[PDB]
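Engineer: I'm passing along run.cif; it holds mmCIF, C-alpha atoms and all ligand atoms.
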data_structure
loop_
_atom_site.label_atom_id
_atom_site.label_comp_id
_atom_site.auth_asym_id
_atom_site.auth_seq_id
_atom_site.Cartn_x
_atom_site.Cartn_y
_atom_site.Cartn_z
CA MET A 1 33.70 -24.84 -5.67
CA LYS A 2 30.31 -24.68 -4.02
CA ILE A 3 26.60 -24.11 -3.91
CA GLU A 4 24.51 -21.42 -2.26
CA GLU A 5 23.71 -22.72 1.20
CA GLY A 6 21.91 -21.87 4.39
CA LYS A 7 19.32 -19.37 5.39
CA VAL A 8 17.56 -16.35 3.99
CA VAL A 9 15.92 -14.21 6.67
CA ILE A 10 13.20 -11.85 5.52
CA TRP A 11 11.66 -9.18 7.73
CA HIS A 12 8.12 -8.01 7.09
CA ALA A 13 4.99 -6.49 8.55
CA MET A 14 2.36 -8.71 6.92
CA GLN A 15 -0.52 -10.04 9.01
CA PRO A 16 -0.91 -13.84 9.21
CA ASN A 17 -3.45 -14.29 6.38
CA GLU A 18 -1.39 -12.26 3.91
CA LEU A 19 1.75 -14.02 5.09
CA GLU A 20 0.25 -17.46 4.41
CA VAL A 21 0.36 -16.77 0.68
CA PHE A 22 4.00 -15.72 0.88
CA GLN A 23 4.91 -18.70 3.07
CA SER A 24 3.41 -21.18 0.65
CA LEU A 25 5.62 -19.64 -2.05
CA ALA A 26 8.66 -19.96 0.20
CA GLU A 27 7.80 -23.63 0.68
CA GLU A 28 7.62 -24.16 -3.04
CA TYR A 29 10.98 -22.49 -3.32
CA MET A 30 12.48 -24.68 -0.61
CA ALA A 31 11.10 -27.67 -2.55
CA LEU A 32 13.00 -26.42 -5.58
CA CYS A 33 16.20 -25.76 -3.61
CA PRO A 34 16.27 -28.08 -0.58
CA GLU A 35 19.59 -26.61 0.66
CA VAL A 36 18.14 -23.14 1.31
CA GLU A 37 15.90 -22.16 4.22
CA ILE A 38 13.59 -19.20 3.71
CA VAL A 39 12.64 -17.60 7.02
CA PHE A 40 10.02 -14.89 7.42
CA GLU A 41 10.05 -12.80 10.63
CA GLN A 42 7.27 -10.36 11.52
CA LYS A 43 8.16 -6.97 13.03
CA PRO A 44 5.49 -4.78 14.66
CA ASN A 45 7.34 -1.60 13.72
CA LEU A 46 9.27 -2.80 10.72
CA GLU A 47 10.78 0.55 9.72
CA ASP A 48 11.96 1.18 13.29
CA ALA A 49 13.24 -2.41 13.66
CA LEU A 50 15.28 -2.18 10.48
CA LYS A 51 16.79 1.22 11.27
CA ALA A 52 17.98 -0.09 14.59
CA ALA A 53 19.13 -3.60 13.70
CA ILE A 54 20.67 -3.17 10.27
CA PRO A 55 23.60 -0.95 11.35
CA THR A 56 24.49 -3.24 14.27
CA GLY A 57 24.78 -6.40 12.17
CA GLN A 58 21.58 -7.69 13.70
CA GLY A 59 19.34 -7.16 10.69
CA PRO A 60 17.90 -9.56 8.12
CA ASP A 61 19.01 -10.49 4.59
CA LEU A 62 15.88 -9.06 2.98
CA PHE A 63 12.71 -7.19 3.91
CA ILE A 64 9.40 -6.42 2.19
CA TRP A 65 7.71 -3.07 1.89
CA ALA A 66 6.31 -0.59 -0.66
CA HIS A 67 8.93 1.31 -2.64
CA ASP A 68 8.84 4.70 -0.91
CA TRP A 69 11.41 3.75 1.74
CA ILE A 70 14.11 3.14 -0.87
CA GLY A 71 15.34 6.77 -0.95
CA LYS A 72 15.72 7.37 2.76
CA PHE A 73 17.00 3.83 3.49
CA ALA A 74 19.65 4.16 0.82
CA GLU A 75 20.65 7.60 2.06
CA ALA A 76 21.07 6.10 5.49
CA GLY A 77 23.27 3.33 4.10
CA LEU A 78 20.79 0.69 5.18
CA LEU A 79 20.50 -1.09 1.86
CA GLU A 80 22.75 -3.41 -0.09
CA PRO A 81 23.25 -2.52 -3.77
CA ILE A 82 22.59 -5.32 -6.28
CA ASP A 83 23.87 -3.53 -9.41
CA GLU A 84 26.10 -6.51 -10.24
CA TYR A 85 23.01 -8.71 -10.43
CA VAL A 86 20.81 -6.38 -12.49
CA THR A 87 20.92 -6.60 -16.29
CA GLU A 88 18.95 -5.03 -19.10
CA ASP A 89 17.36 -8.39 -19.82
CA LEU A 90 16.12 -8.58 -16.24
CA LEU A 91 14.97 -4.96 -16.14
CA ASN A 92 13.06 -5.50 -19.36
CA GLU A 93 10.97 -8.16 -17.61
CA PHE A 94 9.35 -5.47 -15.50
CA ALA A 95 7.01 -2.55 -16.11
CA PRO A 96 8.94 0.71 -16.33
CA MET A 97 7.55 2.14 -13.11
CA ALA A 98 8.67 -1.06 -11.34
CA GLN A 99 12.01 -0.64 -13.07
CA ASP A 100 12.22 2.84 -11.58
CA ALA A 101 10.85 1.96 -8.15
CA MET A 102 13.60 -0.62 -7.53
CA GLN A 103 16.49 1.87 -7.76
CA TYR A 104 17.59 5.11 -6.15
CA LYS A 105 20.04 7.53 -7.71
CA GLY A 106 21.56 4.99 -10.00
CA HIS A 107 21.79 1.97 -7.73
CA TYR A 108 19.46 -1.04 -7.57
CA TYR A 109 18.53 -2.25 -4.09
CA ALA A 110 15.49 -4.44 -4.62
CA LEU A 111 13.25 -6.48 -6.92
CA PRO A 112 9.60 -5.53 -7.50
CA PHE A 113 6.65 -7.94 -7.27
CA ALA A 114 3.43 -5.88 -7.47
CA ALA A 115 1.59 -2.63 -7.87
CA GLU A 116 -0.98 -1.61 -5.28
CA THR A 117 -3.32 1.01 -3.87
CA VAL A 118 -6.52 1.11 -1.84
CA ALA A 119 -9.94 0.62 -3.46
CA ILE A 120 -13.52 -0.10 -2.45
CA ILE A 121 -13.84 -3.72 -1.53
CA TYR A 122 -17.57 -4.37 -1.37
CA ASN A 123 -19.64 -7.24 -0.08
CA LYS A 124 -21.76 -8.54 -2.94
CA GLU A 125 -24.44 -9.80 -0.61
CA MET A 126 -25.01 -6.27 0.60
CA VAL A 127 -24.23 -4.21 -2.51
CA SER A 128 -25.40 -5.43 -5.93
CA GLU A 129 -24.18 -2.41 -7.85
CA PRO A 130 -21.04 -0.69 -6.57
CA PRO A 131 -21.03 3.11 -6.62
CA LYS A 132 -19.88 4.97 -9.73
CA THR A 133 -20.22 8.38 -8.14
CA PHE A 134 -19.78 9.63 -4.55
CA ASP A 135 -23.55 10.19 -4.45
CA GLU A 136 -24.24 6.51 -4.97
CA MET A 137 -21.55 5.72 -2.42
CA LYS A 138 -23.17 8.00 0.12
CA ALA A 139 -26.58 6.44 -0.43
CA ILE A 140 -25.14 3.00 0.21
CA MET A 141 -23.52 4.42 3.35
CA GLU A 142 -26.82 5.88 4.51
CA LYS A 143 -28.65 2.64 3.81
CA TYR A 144 -26.42 0.60 6.10
CA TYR A 145 -25.48 3.07 8.86
CA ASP A 146 -27.00 1.88 12.17
CA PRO A 147 -24.53 2.30 15.03
CA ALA A 148 -27.27 1.35 17.50
CA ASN A 149 -27.01 -2.13 16.06
CA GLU A 150 -23.27 -1.80 15.46
CA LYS A 151 -23.77 -1.44 11.69
CA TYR A 152 -21.85 1.22 9.74
CA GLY A 153 -21.94 2.63 6.24
CA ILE A 154 -18.29 2.01 5.48
CA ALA A 155 -15.08 0.55 6.96
CA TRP A 156 -11.94 2.65 6.48
CA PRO A 157 -8.66 2.49 8.43
CA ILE A 158 -7.53 6.10 8.97
CA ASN A 159 -3.96 7.36 8.48
CA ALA A 160 -2.01 9.57 6.04
CA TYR A 161 -1.97 7.02 3.20
CA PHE A 162 -5.43 5.57 3.77
CA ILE A 163 -7.32 8.85 3.40
CA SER A 164 -5.02 10.42 0.77
CA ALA A 165 -7.54 9.60 -1.98
CA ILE A 166 -10.09 11.99 -0.56
CA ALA A 167 -7.56 14.53 0.69
CA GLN A 168 -6.31 14.71 -2.88
CA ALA A 169 -9.63 14.50 -4.75
CA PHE A 170 -9.95 18.16 -5.55
CA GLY A 171 -6.48 18.85 -6.95
CA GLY A 172 -4.82 18.85 -3.53
CA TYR A 173 -1.60 16.99 -2.68
CA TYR A 174 0.37 15.98 0.39
CA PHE A 175 3.50 16.63 -1.64
CA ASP A 176 4.21 18.00 -5.15
CA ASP A 177 7.07 15.89 -6.43
CA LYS A 178 7.92 18.50 -9.12
CA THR A 179 8.45 21.38 -6.71
CA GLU A 180 9.11 19.00 -3.80
CA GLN A 181 6.85 21.01 -1.43
CA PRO A 182 4.11 19.82 0.91
CA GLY A 183 0.61 20.95 -0.02
CA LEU A 184 -1.21 20.62 3.31
CA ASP A 185 -2.22 24.26 3.48
CA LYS A 186 -3.46 24.49 -0.09
CA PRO A 187 -7.18 25.27 -0.19
CA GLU A 188 -7.78 22.28 -2.46
CA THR A 189 -6.06 20.02 0.09
CA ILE A 190 -7.97 21.58 2.91
CA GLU A 191 -11.12 21.00 0.90
CA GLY A 192 -10.29 17.33 0.55
CA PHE A 193 -9.67 16.80 4.29
CA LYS A 194 -12.90 18.58 5.23
CA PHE A 195 -14.72 16.41 2.72
CA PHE A 196 -13.49 13.24 4.40
CA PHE A 197 -14.57 14.24 7.89
CA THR A 198 -17.79 15.92 6.79
CA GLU A 199 -19.06 13.43 4.17
CA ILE A 200 -17.53 10.07 5.02
CA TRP A 201 -16.48 9.95 8.70
CA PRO A 202 -20.06 10.40 9.96
CA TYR A 203 -20.91 6.97 8.52
CA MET A 204 -18.03 5.19 10.22
CA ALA A 205 -17.52 3.54 13.58
CA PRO A 206 -15.55 6.42 15.05
CA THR A 207 -12.10 4.84 15.24
CA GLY A 208 -9.15 5.11 12.83
CA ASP A 209 -7.65 1.80 13.93
CA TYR A 210 -6.77 -0.61 11.15
CA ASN A 211 -7.90 -3.97 12.51
CA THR A 212 -11.05 -2.54 14.15
CA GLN A 213 -12.17 -0.98 10.87
CA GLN A 214 -11.28 -4.11 8.90
CA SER A 215 -13.06 -6.38 11.34
CA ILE A 216 -16.25 -4.37 10.94
CA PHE A 217 -16.23 -5.33 7.25
CA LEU A 218 -15.16 -8.89 7.78
CA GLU A 219 -17.99 -9.37 10.25
CA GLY A 220 -20.49 -8.12 7.69
CA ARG A 221 -21.20 -4.99 9.69
CA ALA A 222 -20.34 -2.68 6.82
CA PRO A 223 -21.14 -3.09 3.11
CA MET A 224 -17.83 -1.65 1.89
CA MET A 225 -14.20 -1.40 2.97
CA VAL A 226 -11.41 0.84 1.68
CA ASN A 227 -8.30 -1.34 1.71
CA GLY A 228 -5.53 -2.87 -0.47
CA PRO A 229 -4.53 -6.26 -1.88
CA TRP A 230 -2.73 -7.05 1.37
CA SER A 231 -6.16 -7.46 3.03
CA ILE A 232 -7.78 -9.71 0.46
CA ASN A 233 -6.98 -13.09 1.96
CA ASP A 234 -8.63 -11.84 5.14
CA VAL A 235 -11.75 -11.06 3.15
CA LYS A 236 -11.59 -14.53 1.67
CA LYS A 237 -11.00 -16.24 5.00
CA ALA A 238 -14.13 -14.49 6.30
CA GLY A 239 -16.17 -16.08 3.55
CA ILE A 240 -17.22 -12.81 1.94
CA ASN A 241 -18.26 -12.69 -1.71
CA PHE A 242 -16.73 -9.42 -2.87
CA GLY A 243 -15.78 -7.15 -5.71
CA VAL A 244 -13.32 -4.26 -6.06
CA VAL A 245 -13.87 -0.83 -7.66
CA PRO A 246 -12.05 2.54 -7.41
CA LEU A 247 -13.24 5.21 -5.07
CA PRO A 248 -15.72 6.96 -7.37
CA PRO A 249 -15.59 10.55 -8.54
CA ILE A 250 -17.18 13.26 -6.41
CA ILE A 251 -19.54 15.34 -8.51
CA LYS A 252 -19.55 19.13 -8.41
CA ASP A 253 -21.82 21.05 -10.76
CA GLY A 254 -21.75 18.18 -13.27
CA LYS A 255 -17.96 17.90 -12.94
CA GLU A 256 -15.99 14.85 -11.79
CA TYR A 257 -13.38 15.12 -9.03
CA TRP A 258 -11.59 11.77 -8.87
CA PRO A 259 -10.17 10.63 -5.57
CA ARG A 260 -6.41 10.15 -6.04
CA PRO A 261 -5.01 7.63 -3.56
CA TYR A 262 -1.35 7.19 -3.14
CA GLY A 263 -0.18 3.84 -4.52
CA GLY A 264 3.09 2.00 -4.78
CA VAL A 265 5.26 -0.79 -6.06
CA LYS A 266 5.90 -3.67 -3.66
CA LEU A 267 9.61 -4.41 -3.32
CA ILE A 268 11.71 -7.13 -1.77
CA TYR A 269 14.65 -5.07 -0.50
CA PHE A 270 18.26 -6.20 0.06
CA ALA A 271 19.54 -5.07 3.48
CA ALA A 272 22.96 -3.72 4.36
CA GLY A 273 24.75 -6.32 6.44
CA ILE A 274 23.06 -9.07 4.43
CA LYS A 275 24.68 -12.40 5.27
CA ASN A 276 23.61 -14.68 2.41
CA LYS A 277 23.63 -12.49 -0.68
CA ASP A 278 23.65 -14.99 -3.55
CA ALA A 279 21.13 -17.27 -1.91
CA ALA A 280 18.91 -14.29 -1.19
CA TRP A 281 19.22 -13.01 -4.74
CA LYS A 282 18.15 -16.38 -6.18
CA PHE A 283 15.08 -16.53 -3.97
CA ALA A 284 14.09 -12.91 -4.75
CA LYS A 285 14.70 -13.36 -8.46
CA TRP A 286 12.50 -16.45 -8.33
CA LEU A 287 9.79 -14.69 -6.31
CA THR A 288 9.69 -11.76 -8.67
CA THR A 289 10.39 -13.24 -12.11
CA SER A 290 8.76 -16.70 -11.98
CA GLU A 291 5.36 -16.74 -13.60
CA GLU A 292 3.71 -18.97 -11.11
CA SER A 293 5.04 -17.05 -8.18
CA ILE A 294 3.67 -13.79 -9.51
CA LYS A 295 0.46 -15.46 -10.72
CA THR A 296 -0.01 -16.78 -7.20
CA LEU A 297 0.39 -13.39 -5.52
CA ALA A 298 -2.00 -11.83 -8.02
CA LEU A 299 -4.72 -14.48 -8.00
CA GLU A 300 -4.67 -15.03 -4.29
CA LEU A 301 -4.40 -11.42 -3.13
CA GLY A 302 -5.33 -9.14 -6.05
CA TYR A 303 -1.79 -7.79 -6.41
CA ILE A 304 -1.29 -6.28 -9.87
CA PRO A 305 1.63 -7.92 -11.63
CA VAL A 306 4.51 -5.74 -12.69
CA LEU A 307 6.01 -8.80 -14.40
CA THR A 308 4.98 -7.86 -17.95
CA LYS A 309 4.75 -11.39 -19.31
CA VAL A 310 2.01 -12.51 -16.91
CA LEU A 311 -0.25 -9.59 -17.80
CA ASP A 312 -1.01 -11.48 -21.02
CA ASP A 313 -1.96 -14.63 -19.13
CA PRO A 314 -5.65 -15.37 -19.57
CA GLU A 315 -5.79 -16.38 -15.87
CA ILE A 316 -4.77 -12.82 -15.14
CA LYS A 317 -6.69 -11.08 -17.93
CA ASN A 318 -10.01 -12.62 -16.87
CA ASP A 319 -9.62 -11.99 -13.12
CA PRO A 320 -12.06 -9.49 -11.56
CA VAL A 321 -10.06 -8.51 -8.46
CA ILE A 322 -6.84 -7.67 -10.31
CA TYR A 323 -8.86 -5.66 -12.84
CA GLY A 324 -10.56 -3.66 -10.09
CA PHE A 325 -7.28 -2.83 -8.29
CA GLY A 326 -5.86 -2.00 -11.71
CA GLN A 327 -8.69 0.44 -12.33
CA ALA A 328 -8.00 2.01 -8.93
CA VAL A 329 -4.28 2.32 -9.61
CA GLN A 330 -5.08 4.25 -12.78
CA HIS A 331 -6.30 7.15 -10.60
CA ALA A 332 -3.49 6.74 -8.08
CA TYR A 333 -0.36 8.84 -7.51
CA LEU A 334 2.88 6.85 -7.24
CA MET A 335 4.50 7.60 -3.87
CA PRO A 336 7.65 9.74 -4.28
CA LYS A 337 11.01 8.15 -3.39
CA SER A 338 12.27 11.50 -1.99
CA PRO A 339 13.40 11.33 1.67
CA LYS A 340 11.40 14.57 2.05
CA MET A 341 8.25 12.47 2.06
CA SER A 342 9.18 11.15 5.54
CA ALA A 343 8.27 14.39 7.29
CA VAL A 344 5.23 14.76 5.04
CA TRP A 345 3.78 11.53 6.33
CA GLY A 346 4.59 12.62 9.90
CA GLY A 347 2.90 15.98 9.30
CA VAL A 348 -0.25 14.48 7.88
CA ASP A 349 -0.53 11.81 10.58
CA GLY A 350 -0.04 14.57 13.17
CA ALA A 351 -2.91 16.60 11.71
CA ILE A 352 -5.14 13.54 11.63
CA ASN A 353 -4.30 12.81 15.27
CA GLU A 354 -5.52 16.27 16.25
CA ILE A 355 -8.58 16.15 13.97
CA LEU A 356 -9.58 12.83 15.56
CA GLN A 357 -9.56 14.40 19.01
CA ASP A 358 -12.69 16.26 17.91
CA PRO A 359 -13.60 15.40 14.37
CA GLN A 360 -16.94 17.13 14.31
CA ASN A 361 -15.59 20.51 15.49
CA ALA A 362 -11.94 20.51 14.60
CA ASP A 363 -10.49 23.51 12.78
CA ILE A 364 -9.10 21.45 9.97
CA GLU A 365 -7.80 24.46 8.10
CA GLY A 366 -5.72 25.77 11.02
CA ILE A 367 -4.50 22.32 11.97
CA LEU A 368 -3.37 21.72 8.39
CA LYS A 369 -1.63 25.10 8.32
CA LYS A 370 0.09 24.15 11.58
CA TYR A 371 1.41 20.87 10.17
CA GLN A 372 2.40 22.31 6.84
CA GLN A 373 4.93 24.38 8.72
CA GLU A 374 6.15 21.48 10.80
CA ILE A 375 6.76 19.50 7.63
CA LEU A 376 8.52 22.50 6.11
CA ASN A 377 10.78 22.48 9.13
CA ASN A 378 11.43 18.76 9.25
CA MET A 379 11.78 17.98 5.56
CA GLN A 380 15.16 16.65 4.45
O1 LIG A 401 0.44 6.28 6.10
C1 LIG A 401 1.81 6.55 5.79
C2 LIG A 401 2.51 5.35 5.20
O2 LIG A 401 1.98 5.23 3.85
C3 LIG A 401 2.55 4.16 3.12
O3 LIG A 401 2.30 2.87 3.80
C4 LIG A 401 1.26 2.09 3.20
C5 LIG A 401 1.88 0.94 2.42
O4 LIG A 401 2.58 1.47 1.30
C6 LIG A 401 0.81 -0.02 1.94
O5 LIG A 401 1.40 -1.19 1.38
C7 LIG A 401 -0.10 -0.43 3.11
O6 LIG A 401 0.67 -1.26 4.02
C8 LIG A 401 0.14 -2.53 4.43
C9 LIG A 401 1.08 -3.62 3.92
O7 LIG A 401 1.07 -3.60 2.50
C10 LIG A 401 0.63 -4.96 4.47
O8 LIG A 401 1.52 -6.00 4.05
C11 LIG A 401 0.63 -4.85 6.00
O9 LIG A 401 0.27 -6.12 6.49
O10 LIG A 401 -0.23 -3.82 6.43
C12 LIG A 401 0.06 -2.51 5.94
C13 LIG A 401 -1.02 -1.55 6.38
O11 LIG A 401 -1.21 -1.61 7.79
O12 LIG A 401 -0.63 0.69 3.78
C14 LIG A 401 0.38 1.57 4.31
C15 LIG A 401 -0.36 2.65 5.06
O13 LIG A 401 -0.78 2.09 6.34
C16 LIG A 401 4.07 4.26 2.98
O14 LIG A 401 4.55 3.10 2.30
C17 LIG A 401 4.70 4.39 4.36
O15 LIG A 401 6.09 4.69 4.18
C18 LIG A 401 4.02 5.52 5.14
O16 LIG A 401 4.50 5.57 6.49
#
Starting from the coordinates I provided, produce the structure as structure tokens.
Structural biologist:
Amino acid sequence: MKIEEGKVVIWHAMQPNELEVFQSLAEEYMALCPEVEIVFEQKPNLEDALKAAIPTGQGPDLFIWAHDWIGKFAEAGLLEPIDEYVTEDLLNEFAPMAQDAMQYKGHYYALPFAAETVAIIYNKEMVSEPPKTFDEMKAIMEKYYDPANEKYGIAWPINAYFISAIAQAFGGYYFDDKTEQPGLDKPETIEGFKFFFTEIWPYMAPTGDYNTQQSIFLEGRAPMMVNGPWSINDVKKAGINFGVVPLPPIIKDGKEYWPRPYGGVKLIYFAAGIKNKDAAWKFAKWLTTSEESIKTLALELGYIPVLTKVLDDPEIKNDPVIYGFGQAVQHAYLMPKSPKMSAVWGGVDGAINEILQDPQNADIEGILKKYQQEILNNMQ
């Protein structure tokens, strides 16, 4: 007879300030179970690192990411099924979309701990009323834009997911998960991309890089940032008094066109080749179904609980940041689990790379047509 012993190794791509929150939870857990070491290990290119290490027996026990990898990782045999651990009682602890995010074709491979998307994070010392329409957003942008003094109207990391809200504001889509077809060359999608680079890019420092954009906001050199819960401890460490609201509707002849960001469910995944399964299960189950664990992720970072019970906690119900991300998620599209999405993301990031070579003059329509076809050829 025995106990669970040893180590649980968890790979991730969190930056240090987000990680701190997760490490303090690990430390609590290790206080609860002194015979179990929880070890977090940062990977620059986590998806690449897992693909390479998992099959060779060099991968971790667990890893953290949004849910959309679960389809392609399972098809590649890179995950460990946990069907034997999942029960209806456990499933019923989670919101249905978290219930669905944690499985692929009938097998469970993870536990869910949050919902997320990007939203406007605004600095209350620079913006006293956040924008409820794109027009008010643009006026705030105009008010603060002053590149000569290294001041910009907004901070916004640029990549497929980060600008999907705007790309998809006018009925466009990267991918229709009904028909399972990319939508890059739909006029409404083209309209959304042009809108980003015509209406919003001119107010930015002209770089798509994540930490450069974020640092502009953290340094008070932009009044607003488009980012997710994963960035919130960075905002807090910078001493900024902030709020969170959804990207507001663009108005066209009195009509609203709501930006529609992609969003997702955060999962702790079980990796194929896992060495310490029962210990890793116990930690994950704790992390995802203990009230104080989930309350801590939500109150510290703005993560929206998918642990139903805590949604009724007054601590959670009266919290501004979780409410604002929650409002943003209401307009979000849940990322598909289809492995087809892999080439979609590649196609959209490829188009953005070419647009960024010459954003003011690029032929966005023809680029998008070009990448639609590449996606159509690489989709599987
Ligand atoms: O752009 C294509 C990718 O879009 C999706 O990735 C999203 C994540 O889903 C989302 O969580 C967010 O990731 C951040 C992560 O949460 C945080 O812990 C880490 O420290 O930083 C990440 C951002 O740099 O944003 C990315 C988009 O960058 C999708 O999940 C992924 O498969 C696509 O490749």
Engineer: Determine the nearest neighbour of residue 248 of chain A from the options A:229, A:131, A:223, A:157, counting only C-alpha atoms.
Structural biologist: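 The answer is A:131, which sits nearest to residue 248 of chain A.
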Engineer: Between segment 87-182 of chain A and segment 284-301 of chain A, at 12 Å or less, what are the per-residue closest atom pairs and their distances in Å? Count all atoms listed in the file, order by chain and rising residue number, and return it as CSV.
Structural biologist:
residue,atom,partner,partner_atom,distance
A:89,CA,A:289,CA,11.5
A:90,CA,A:289,CA,8.5
A:91,CA,A:289,CA,10.3
A:92,CA,A:289,CA,10.9
A:93,CA,A:289,CA,7.5
A:94,CA,A:289,CA,8.5
A:95,CA,A:289,CA,11.9
A:98,CA,A:288,CA,11.1
A:102,CA,A:288,CA,11.9
A:109,CA,A:284,CA,11.6
A:110,CA,A:284,CA,8.6
A:111,CA,A:288,CA,6.6
A:112,CA,A:288,CA,6.3
A:113,CA,A:288,CA,5.1
A:114,CA,A:298,CA,8.1
A:115,CA,A:298,CA,9.9
A:116,CA,A:301,CA,10.6
Engineer: Can you tell me which residues surround residue 257 of chain A at a distance of at most 9 Å, considering only C-alpha atoms, apart from same-chain residues fewer than 6 positions away, and format the answer as a VMD selection string?
Structural biologist: chain A and resid 169 to 171 248 to 251
Engineer: Which residues are close to residue 58 of chain A, i.e. within 12 Å by all atoms listed in the file, leaving aside same-chain residues fewer than 3 positions away? Reply as a VMD selection string.
Structural biologist: chain A and resid 9 11 49 to 55 61 78 271 to 275
Engineer: What lies within 10 Å of residue 240 of chain A using only C-alpha atoms, ignoring chain neighbours under 6 positions off, as a list in words?
Structural biologist: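 My list of contacting residues is residues 122, 123, 124, 125, 217, 218, 219, 220 and 234 of chain A.
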Engineer: Might I get the box with edges along x, y and z of the file that holds all atoms of ligand LIG 401 (chain A) listed there, padded by 6 Å on every side, given as centre and edge lengths in Å to one decimal, as lines of an AutoDock Vina configuration file?
Structural biologist:
center_x = 2.4
center_y = 0.2
center_z = 4.5
size_x = 19.3
size_y = 24.7
size_z = 18.5
Engineer: How would you write, as a PyMOL selection string, the set of residues no farther than 9 Å from ligand LIG 401 (chain A) when counting all atoms listed in the file?
Structural biologist: chain A and resi 12-19+47+64-69+116-118+157-164+210-211+227-231+262-266+335+341-342+344-346+348-349
Engineer: Quick check, in Å to one decimal: how far apart do atom CA of residue 338 of chain A and atom CA of residue 166 of chain A lie?
Structural biologist: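 Going from atom CA of residue 338 of chain A over to atom CA of residue 166 of chain A covers 22.4 Å.
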Engineer: Can you pull out every residue within 6 Å of segment 172-187 of chain A, counting only C-alpha atoms, but drop anything in the same chain fewer than 6 positions away, and send it as a list in words?
Structural biologist: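 Surrounding residues, per the criterion: residues 368, 369 and 372 of chain A.
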Engineer: Quick one: pull the distance between atom CA of residue 247 of chain A and atom CA of residue 44 of chain A, Å, one decimal.
Structural biologist: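 For atom CA of residue 247 of chain A relative to atom CA of residue 44 of chain A, the distance reads 29.0 Å.
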Engineer: Could you state the separation of atom CA of residue 27 of chain A and atom CA of residue 283 of chain A in Å, given to one decimal place?
Structural biologist: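 According to the coordinates, atom CA of residue 27 of chain A and atom CA of residue 283 of chain A are separated by 11.2 Å.
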Engineer: In the coordinate frame of the file, compute which residues have an atom within 10 Å of (-11.1, 18.8, 3.6) when using only C-alpha atoms, and state them as a ChimeraX atom specification.
Structural biologist: /A:166-170,172,187-199,364-365,368
Engineer: Would you mind telling me which residue in A:375, A:31, A:307, A:351 lies nearest to residue 99 of chain A when using only C-alpha atoms?
Structural biologist: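 With only C-alpha atoms as the atom set, the closest residue is A:307.
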Engineer: Closest to residue 327 of chain A among A:256, A:363, A:120, A:353, using all atoms listed in the file?
Structural biologist: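 Of all the options, A:120 lies closest to residue 327 of chain A.
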Engineer: Could you list, with a cut-off of 10 Å and counting all atoms listed in the file, the residues of segment 190-215 of chain A near segment 142-146 of chain A, each shown with its nearest atom pair and the distance in Å rounded to one decimal, rows sorted by chain and ascending number, as CSV?
Structural biologist:
residue,atom,partner,partner_atom,distance
A:202,CA,A:145,CA,9.2
A:203,CA,A:145,CA,6.0
A:204,CA,A:145,CA,7.9
A:205,CA,A:145,CA,9.3
Engineer: Given only C-alpha atoms as the basis, pick out the residue of A:280, A:226, A:354, A:302 nearest to residue 26 of chain A.
Structural biologist: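 Answer, going by the shortest atom-to-atom distance: A:280.
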Engineer: Given the point (18.6, 4.0, -9.6) in the coordinates of this file, which residues lie within 12 Å, counting all atoms listed in the file, and how would they look as a list in words?
Structural biologist: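 The residues that fall inside the cut-off are residues 70, 71, 74, 81, 82, 83, 86, 91, 97, 98, 99, 100, 101, 102, 103, 104, 105, 106, 107, 108, 109, 110 and 337 of chain A.
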